[PDB]
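Remarks on the structure that follows.
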4 protein chains.
Amino acid sequence: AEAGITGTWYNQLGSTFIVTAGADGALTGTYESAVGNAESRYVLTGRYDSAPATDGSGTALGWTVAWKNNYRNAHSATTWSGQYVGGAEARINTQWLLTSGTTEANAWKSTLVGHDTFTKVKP
Amino acid sequence: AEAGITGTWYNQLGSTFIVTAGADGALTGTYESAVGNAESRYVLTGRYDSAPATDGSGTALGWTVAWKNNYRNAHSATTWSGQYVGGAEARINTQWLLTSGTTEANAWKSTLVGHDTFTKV
Amino acid sequence: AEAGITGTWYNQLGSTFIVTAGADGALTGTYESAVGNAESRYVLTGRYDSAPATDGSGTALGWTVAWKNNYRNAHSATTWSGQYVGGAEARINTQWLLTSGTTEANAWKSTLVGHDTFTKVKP
Amino acid sequence: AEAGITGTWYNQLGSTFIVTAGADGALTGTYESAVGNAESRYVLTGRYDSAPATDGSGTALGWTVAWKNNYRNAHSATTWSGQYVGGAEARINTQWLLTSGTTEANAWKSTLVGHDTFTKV
Ligand SMILES: O=C(O)CCCC[C@@H]1SC[C@@H]2NC(=O)N[C@@H]21
Ligand SMILES: O=C(O)CCCC[C@@H]1SC[C@@H]2NC(=O)N[C@@H]21
Ligand SMILES: O=C(O)CCCC[C@@H]1SC[C@@H]2NC(=O)N[C@@H]21
Ligand SMILES: O=C(O)CCCC[C@@H]1SC[C@@H]2NC(=O)N[C@@H]21
């Protein structure tokens, strides 16, 4: 449900995700991270399943942030892959990969993995 | 300057990734997977570092495909996160997460992880 | 602390982890999964940092279960990588990789990733 | 039978993995990393499927190294999870998780993920 996803969300670190779900499956918005080499808002773009299953399955989605805006550039990008689970206590449960640009010799330690849970604030 | 990310790329499974890199960091294009519950092309969108470091570092990037088009809907989405390494034989090295829409009970087994290497050959 | 790790632990799915931490850095024990193609106990072996930092850092550890015992064989193995965080509310926070044996053509979808949090029961 | 997992293997970074596979599923040996905060050999222990499927499937396995030995202590541990594929050119294909001991504040950045391919060359 585009309107189910569309809104302001926060995760367990205190980061803010503002997203709009388009009817063609597009996600666009901004992300503000509470941690890491980041300041202010960053552009995000992603995609979601705009026709999910009618049962109690979640809606699969994903989005990317490259950590460069007009104030800072961390030379890194994170992708979040997860699912939206609707209802009263709407949640988006994700796992993420954060890759930093590195020299070829340091490429083995270029990528962090983690997981974030997002809670929606009253839309 | 010199981000030769724009083009048609192929990974080791034979999937085709056609991307345009915008001057301000946007990635847009289409993806056609040679494997999985997929047929024909799917829309992708992503982001990349449009001013990378001047030392020998790769360019960080990432993108998403939701596997729904006019033919099929797999109820899943993949994100690739990696770096572009330019040069005479340019490559995009990625790790990816493929999440399927599941019930809560099956959420523990909702996400596959793998790694794809893209070259222009 | 070997004695800090040693004990019975349960995660959010209802699975049971019984572990003994050896003074040489060895972990041995048994694992019972509440989900998946598993029944009864399975042998686990792992390693941990037996001399962690004296600050508030966690103790890094990891262990493996191959899902074959005398009752069932799922032809898969999981490795958990994480850290033990001591105290009153002792926790082990992990991420895991579950690989299934597959044919070469299905090898792209061989591995699941997830995360489990373990709580210790009164030792 | 035929699990030719036992031996000395090398990955793409030039690290050396010396393993013995026990008849009942145990893996034991040593690991020497060519990269990272590591020197000399470290103890590894793991598990593998000692009765794999009879179709063309690989053998699932996994092992752990805690990066402490008599020389150094990195306060970290790596787990590799993968499958052994036998044949004329046998390979072990893995994905790994490297967790460092961190404070709670830094737990979000405690875990690296990568992938190693081992061959006997
Ligand atoms: O340090 C960087 O390279 C950029 C900031 C990264 C912030 C990460 S993205 C995953 C995790 N979730 C968050 O909300 N913030 C951190
Ligand atoms: O089966 C699905 O759910 C949709 C197709 C998934 C194809 C995956 S995405 C990661 C990997 N890289 C590819 O080029 N194809 C597979
Ligand atoms: O289905 C299988 O192949 C074997 C059982 C797998 C159980 C997994 S391991 C990770 C997760 N944590 C658990 O406690 N159980 C599941
Ligand atoms: O730096 C550390 O914390 C200890 C050494 C880590 C070496 C890693 S483990 C994964 C990868 N594969 C290797 O052979 N070496 C690196």
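At a glance:
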| item | result |
| --- | --- |
| Odd one out for A:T119 among (1) of a type in the set (S, T, N, Q); (2) more than 7 Å from chain B (Cβ to nearest Cβ); (3) more than 17 Å from the chain's Cα centre (by Cα) | (3) |
| Single condition A:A23 does not satisfy, out of (1) surrounded by fewer than 17 Cβ atoms within 10 Å (Cβ to Cβ); (2) within 9 Å of ligand 1 (Cβ to nearest atom); (3) hydrophobic (A, V, I, L, M, F, W, C) | (2) |
| Where B:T20 falls short, out of the listed (1) under 22 Å from C:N106 (Cα atoms); (2) touching a strand residue (DSSP E or B) at 6+ places or on another chain (Cβ under 7 Å) | (1) |
| Residue ranges of strands (runs of 3 or more DSSP E) in the range C:1-97 with at least 3 members near ligand 3 (Cβ under 9 Å from one of its atoms), closer than 26 Å to C:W108 by Cβ and not acidic (D, E) | C:73-85 |
| Any hit, the range B:41-49, residues being surrounded by fewer than 14 Cβ atoms within 10 Å (Cβ to Cβ), more than 16 Å from ligand 3 (Cβ to nearest atom) and over 16 Å from B:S76 (Cβ atoms) | no |
| Unmet criterion (only one of (1) touching a residue at least 12 places away in the same chain (Cβ under 8 Å); (2) within 16 Å of ligand 2 (Cβ to nearest atom)) for C:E104 | (1) |
| Scope the range C:35-83; condition free of Cβ contacts under 8 Å to residues at least 24 places away in the same chain and among the acidic types (D, E); matching residues | C:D55 |
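So that you can scan it fast, the table gives a plain yes or no per residue for (1) within 23 Å of C:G4 (Cβ to Cβ); (2) more than 8 Å from chain D (Cβ to nearest Cβ):
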site	(1), (2)
C:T30	yes, yes
C:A34	no, yes
C:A38	no, yes
C:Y42	no, yes
C:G46	yes, no
C:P52	yes, no
C:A60	yes, no
C:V65	yes, no
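Methodologically, a virtual Cβ is constructed for each residue, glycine included, from the backbone with ideal geometry; neighbour enumeration extends over all protein chains shown. Every number in this text was worked out from the coordinates using simple rules, so none of it is lab data.
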